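So you know, we letter chains A, B, ... as the sequences are listed, proteins then strands, and number each from 1. Computed over heavy atoms, backbone and side chain alike; hydrogens, waters and symmetry mates excluded.
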Amino acid sequence: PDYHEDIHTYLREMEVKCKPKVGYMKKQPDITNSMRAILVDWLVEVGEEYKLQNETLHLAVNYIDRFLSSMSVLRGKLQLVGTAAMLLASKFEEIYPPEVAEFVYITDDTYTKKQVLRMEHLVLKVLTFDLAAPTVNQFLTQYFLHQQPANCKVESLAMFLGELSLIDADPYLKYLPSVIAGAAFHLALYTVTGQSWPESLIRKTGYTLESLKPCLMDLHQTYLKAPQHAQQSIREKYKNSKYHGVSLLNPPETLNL
Amino acid sequence: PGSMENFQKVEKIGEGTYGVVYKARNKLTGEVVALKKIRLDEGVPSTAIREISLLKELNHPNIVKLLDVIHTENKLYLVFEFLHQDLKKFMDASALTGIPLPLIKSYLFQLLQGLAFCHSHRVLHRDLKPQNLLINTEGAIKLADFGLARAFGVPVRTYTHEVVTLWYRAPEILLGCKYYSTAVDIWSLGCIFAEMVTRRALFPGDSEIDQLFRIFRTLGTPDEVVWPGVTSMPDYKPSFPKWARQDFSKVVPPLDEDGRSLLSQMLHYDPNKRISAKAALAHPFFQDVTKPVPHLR
Ligand SMILES: O=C1N=C(NCc2cccs2)S/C1=C/c1ccc2ncccc2c1
């Protein structure tokens, strides 16, 4: 509470530095936006199987996107990248990370142990050891402190939408984590309570509803078209009571903007 | 990035949180360096993953300077600027009369700067003890060894419960609270501050209960008035012996009125009320702070 402002300022500085190249998929000659969606969704399943933190998921995705911003990868090696990144995310974030042998287990025995360990090495070289990246999740938890009063359903819904934003690089790769967290928080707040992006956060972040609008429009369409989306692991996950079953709530029809 | 060809090993200094630390010399620039070797032969340990990534972000005059990372096959090196000695080894070589209060005042002031910086950048050190603090010959002191360090979020989640070497471990960790934060590092500095003044550890316990009981004998046994919610904490016991808090003039006799005030705020039971590194820099104790030099060992 003596450092909330310093920390928030610092994370806004770093999110720009840690941002991946927006249009890297077009420069990727073999992989596509669809294949990345399948990988990200698969990592959600891995996260749920080994009971990992949401923060670890967001961290892994950040690593993959940065690694794929300067390195080309064939479709058969995409999962190996995703594995090594998840292994690194877990080592950085988790108290008890799954041991390497278990990560070899969930890759349906496609890759060997040595391959996973050599890809861990490579990612670290490409990311040049810079792993402490800001996430949507890290801004969300700071926003929740501004609830008047605090509401569990709101929190779980905002984390559901933010998690959904990880799936589709188009159009979410062009929005910064703090902005997506703004859109996720407002959208959750309006669905559950009916209230809007609060003034205290406008003062804190410098983000107005108008500035969030471009991202809020995209996110609103993802929330409505969610049960039709090809990847479903995030909806399934958020049916649980652990997340208050927010993925079962009805999305709003219009945002009134 | 660098080549191990350029470096020449001088001597082995000692083990740390992980890996062995060496003294070495750059052959081309002439610069004396510290090398931290880790044998990879389970992949890169999370300790090295944490230390490297966090230390690359932390550029402060009072945090150890990471210069380079050498990522050769089967072996990983960390290149640091070489200062002179760690505080543990310095307090061993220092005679009884050897550490002047102006030097202590200076060291604490600098350490609080390094800590304020860390906490401003969402980093918990979580192993502040004499061996992990390094001095040079010009009056500087720097925090080092971020192997047990981690990045925290706001608000904090539950993190590892192992944390901190026993003598310097805060009450909230010992009593096993769900959440600990920035205030654990302040506690450790509190103990270090007292250690430097008295030339002996403040609470040298051998077990958890021994550590708790030593803290209570000095600060009084905590209750709901001094620390609300303490009776609800997981490892609190109603059978805990009731000791009275004693005078800080008797806990740390050579310390003036301002010094006692700061230490009590650094060793406050309630981590909420415990002084922040940031707020400590403005304490009247440092009104006359300078930068004295230590002896050469
Ligand atoms: O001094 C260091 N200490 C580390 N962890 C625990 C240890 C204390 C003493 C030996 S091992 S890592 C580390 C790096 C480092 C940087 C600069 C130095 N300057 C002078 C002497 C030792 C140094 C060590």
Side-chain angles (χ1 to χ4, degrees), chain A residues 1-11 13-14 17-18 53-56 58-59 63 84 87-101 103 113-114 116-135 137-145, chain B residues 1 40-58 66 68-74 76 78 115-124 146 149-163 181-183 186 271-280:
Chain A
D2 300 312
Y3 299 95
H4 288 192
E5 194 188 32
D6 295 329
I7 294 165
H8 180 261
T9 295
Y10 183 67
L11 296 173
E13 169 177 30
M14 292 307 285
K17 288 173 168 179
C18 290
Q53 293 293 315
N54 295 339
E55 179 54 33
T56 308
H58 281 79
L59 278 175
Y63 303 164
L87 176 57
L88 283 165
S90 306
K91 279 178 170 177
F92 184 83
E93 194 58 29
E94 299 281 326
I95 307 167
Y96 311 100
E99 44 182 296
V100 176
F103 281 104
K113 190 181 186 171
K114 292 175 87 178
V116 170
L117 255 39
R118 280 174 158 182
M119 182 62 85
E120 173 180 71
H121 263 25
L122 187 58
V123 169
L124 288 164
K125 170 188 156 72
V126 173
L127 298 187
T128 198
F129 286 93
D130 293 323
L131 300 150
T135 65
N137 184 73
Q138 287 170 70
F139 286 99
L140 275 174
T141 59
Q142 291 179 266
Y143 294 163
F144 301 154
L145 289 165
Chain B
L40 304 168
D41 78 276
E42 204 70 11
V44 180
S46 58
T47 52
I49 271 150
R50 281 169 182 191
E51 171 156 62
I52 300 166
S53 60
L54 297 176
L55 227 30
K56 281 191 78 182
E57 288 185 18
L58 300 175
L66 178 76
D68 202 11
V69 177
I70 297 166
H71 194 274
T72 50
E73 46 272 73
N74 312 129
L76 178 77
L78 287 175
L115 211 51
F117 192 88
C118 289
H119 299 164
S120 297
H121 297 72
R122 54 96 176 86
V123 180
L124 298 180
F146 287 68
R150 81 130 66 205
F152 67 95
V154 170
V156 292
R157 283 197 323 267
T158 306
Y159 305 123
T160 305
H161 68 213
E162 260 116 50
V163 302
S181 191
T182 56
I186 294 305
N272 265 114
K273 295 272 215 74
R274 200 174 306 151
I275 203 169
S276 72
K278 194 192 292 195

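No side-chain heavy atom of A/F144 sits under 4.5 Å from any side-chain heavy atom of B/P155. For the pair B/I49/A/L124, a side-chain contact is recorded, criterion being any heavy-atom separation below 4.5 Å from C-beta on. Here the side chains of A/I7 and B/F152 are in contact, with some heavy-atom distance below 4.5 Å.
Residues that satisfy the salt bridge (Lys or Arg N to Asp or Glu O under 4.0 Å) test with B/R50, not counting sequence neighbours, are absent from this structure.
Contact of A/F92 with chain B is made through backbone and side chain together, with heavy-atom distances under 4.5 Å. A/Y96 touches chain B through its side chain: at least one heavy atom from C-beta onward sits under 4.5 Å away, while N, CA, C and O do not. For a residue to count as touching a neighbouring chain, one of its non-hydrogen atoms must lie under 4.5 Å from one of that chain's; by this rule A/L87 does not touch chain B. With a threshold of 4.5 angstrom between heavy atoms, A/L11 approaches chain B through side-chain atoms but not through N, CA, C or O. Contacts between A/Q53 and chain B at a heavy-atom distance below 4.5 Å involve the side chain alone, from C-beta outward.
The CZ atom of B/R122 sits 13.5 Å away from atom NE2 of A/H8, with the distance rounded to the nearest 0.5 Å. Summarising the geometry, atom CD1 belonging to B/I52 is positioned 9.0 Å from atom CG belonging to A/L131; distances are rounded to the nearest 0.5 Å. The structure places NE2 of B/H121 at 8.0 Å from CG of A/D6, a figure rounded to the nearest 0.5 Å. Taking CZ of A/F129 as the reference point, atom CG of B/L66 lies at 10.0 Å (rounded to 0.5 Å).
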Worksheet item: Passes side-chain contact (heavy atoms from CB on, under 4.5 Å), B/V69 versus A/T128? Steps please.
Response: CA-CA 9 Å; B/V69 177; A/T128 198; over 6 Å; no
Discussion item. Set out, in order, the CA-CA distance, both residues' side-chain angles and the distance that settles side-chain contact (heavy atoms from CB on, under 4.5 Å) for A/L117 and B/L40, then state yes or no.
Written reply: CA-CA 10 Å; A/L117 255 39; B/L40 304 168; over 6 Å; no
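A pairwise comparison of heavy atoms in B/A277 and A/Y3 identifies N-OH, 3.4 Å as the closest pair. Here the closest non-hydrogen pair linking B/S53 and A/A132 is CB-N, 4.3 Å.
Per-residue counts of heavy-atom pairs under 4.5 Å with chain A were compared for B/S276, B/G153, B/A116; the largest is that of B/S276. Put simply, of A/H121, A/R118, A/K125, the one with the most heavy-atom pairs under 4.5 Å next to chain B is A/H121.
A donor-acceptor contact shorter than 3.5 Å links the side chain of B/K278 to the backbone of A/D2. Side-chain atoms of B/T160 never come within 3.5 Å of backbone atoms of A/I95 as a donor-acceptor pair (strictly under, hydrogens ignored).
Applying the salt bridge (charged side-chain N to carboxylate O under 4.0 Å, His left out) test to every pair with at least one member in residues 87-96 of chain A, sequence neighbours left out, gives these pairs: A/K91-A/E120, A/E93-B/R150, A/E93-B/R157.
At most 12 heavy atoms of other shown residues, nucleotides or ligands fall within 6.0 angstrom of atom CD in A/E5.
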